[PDB]
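Below, in structure tokens: the form deposited in one PDB entry, a single chain.
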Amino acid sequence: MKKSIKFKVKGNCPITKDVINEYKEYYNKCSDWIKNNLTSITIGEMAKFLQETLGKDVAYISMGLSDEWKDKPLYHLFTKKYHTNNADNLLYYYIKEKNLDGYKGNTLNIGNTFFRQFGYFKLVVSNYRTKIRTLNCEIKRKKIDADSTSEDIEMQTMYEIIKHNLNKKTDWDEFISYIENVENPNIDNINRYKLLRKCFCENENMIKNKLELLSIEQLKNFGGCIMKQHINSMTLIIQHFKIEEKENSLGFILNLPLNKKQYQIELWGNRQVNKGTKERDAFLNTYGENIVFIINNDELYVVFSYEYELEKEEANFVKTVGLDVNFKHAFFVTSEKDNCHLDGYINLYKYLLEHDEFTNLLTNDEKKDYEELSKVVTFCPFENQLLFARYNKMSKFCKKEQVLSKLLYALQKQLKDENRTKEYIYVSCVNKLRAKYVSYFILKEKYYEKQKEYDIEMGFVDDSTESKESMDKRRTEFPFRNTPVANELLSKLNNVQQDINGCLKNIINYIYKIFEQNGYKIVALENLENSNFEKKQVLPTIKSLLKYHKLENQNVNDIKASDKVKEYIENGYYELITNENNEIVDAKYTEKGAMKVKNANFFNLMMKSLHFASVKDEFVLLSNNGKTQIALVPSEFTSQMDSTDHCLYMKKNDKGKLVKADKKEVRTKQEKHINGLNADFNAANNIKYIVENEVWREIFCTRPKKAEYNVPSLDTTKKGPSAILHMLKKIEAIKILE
């Protein structure tokens, strides 16, 4: 397979930001024409024009006037059945004969072949291929009543196939049995899905054809592929260029055709391609025609590609370990009791408990929970509530955060003194990660505050909704992103997130090398794909407490609102500024309510900024060269199933039916599972079981294929609670709860 190496240009280069901007504008004009004619023009018309004017007996004109494509619209060139080069040539020479992109050359006089046809136009065509070949549909949900039109119900069945992935009839049968068979079902939700399931069977193929028709019909409203204003990149493909080792140096030289002559661009050396290594030999003998110019941080970089041989190892199944990912007490918990057998490993929870100062702050049960976690093999102590004590100064966890931080930094300095580099790097990165997330949160909140200030200041008066044109033009003419305030905040946020990513990579590398050193052949992980959880608790804001809640002119003495609104009013969250007649004119977030809003934002943003569903990607990248491999398992009911029986907990019903027990019934406390273990130790030991048992490995995990770059040795196709729950029942992996 082909890899990449970046190089930094050492001197001055003709490639400036203006050249790249001109390239980008040419991209935009070409894509604008393509989007304006994606269905209006036919392939046969373009081919006929070329044959009549230029008059060539070439294959790209013969295939365009063939009967397969003579009548079809322009977007069929981007489908995977049409010949790639033939479609490129037909489109390019039609646009060129017509001058449809307004091309008048370029500033550096770069060879028009290497700049226009095989540069921006080639990227445009390759982008429009991705759009067409993965064409989707956009349907807005709607509640269907008992007496509703056929068109409304027909659309909603297509909607449910799009979102919930209901292809086969078994997909519907599992989904209904997942929704139905649970304590306290929602009758309204089941009625809609049953109606749509009935409709799906009667028009199943018509649904699959109307989906395609609607996708093609929506392509008219497509805005086209647009090269963003923040790109600062340019790709040229040149068949004949040269890369030579610079004599008496560790650098390289790029000989490039620039305005009918040869230009030389000097490149800094790269430790990925060193003089005595085999990677320099592979790079220098197998590089490709791809050349990238990118301006990152006001500096020019050059990218290339080259071939390489991958010797990634196969799975072994001799010693496996699971791993759950959490946020409340530990970042990573394995499925292995710590018994002073792993080498290079240090227990930070078994370090915290050795100090009397920390345990004295612990209540009797909390102390037992920490002593519970300290026997497992854990990593990177993250404390969601203790960390928020840094921002919320009037908190109840403040003294615990101070002691935790002090002990952690003392351990860091001690490890630095004793020359234990891997452990020292790990501890320092844990400290820095905890510190940097708070900075990220502060910067995000400031961004929100400044945006609100700017919007209220502008005072956008718009005539009507439902259309952008009716609204004030200033709302599009002067958006908040343009002002200088927004740019500094985003720069600071990007820097903080970069630090976070680096620290996380260091921690994961530590974990992987610990597992690799002792002879663990496979590491199993959850298949995490979403981390954008909804903000499940947002207090009714000032606008929403007076408009949607209709509390604007009600009575404080007699509040005609919801029970939850009564709960909120009873506590001091709000400041109702009533008038002389006890009519509310304004409402203000008090200190308690504002702090609650900040807390909700803090925990919601923690899921994303720490890249919850991307640590398996780091483990895969480390598994590309290492001896330990990676297995991805479905992340359903792993923190809801017994690790000592490998069974689910299902209770009876009022009708005597076995249904699914609530997730909060097998989980009394968030740290304990009813089986008498730690839930993270339970969840990680569930994860290991799929790999451990040959039966479950074949049932849930895909067959081991050839080793590939960024590919787990074991992966999963099934995605969804209904899919996993259905398979769990069929193998009798179920026990009856009390």
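Throughout, we count residues from 1 along the sequence that is shown. Note that the rigid core is defined as the largest set of C-alphas that superpose within 1.5 Å between two forms.
Omitted from view is the form deposited in another entry, to which the following refers.
When the two forms are overlaid on the rigid core, CA displacement between the shown form and the other one of 2 Å or more is confined, within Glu244, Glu299, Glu354, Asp152, to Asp152. Annotation for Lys169: C-alpha shift of 2 angstroms or more between the shown form and the other one, rigid core superposed. With a cut-off of 2 Å and the rigid core superposed, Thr717 has a Cα displacement that reaches or exceeds the cut-off between the shown form and the other one. Once both forms are overlaid on the rigid core, the distance between the two CA positions of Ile15 between the shown form and the other one is under 2 angstroms. In the other form, the separation between the C-alpha atoms of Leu166 and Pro712 grows by 3 Å or more relative to the displayed form. The gap between the Cα atoms of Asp715 and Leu166 is larger in the other form, by no less than 3 Å, than in this form.
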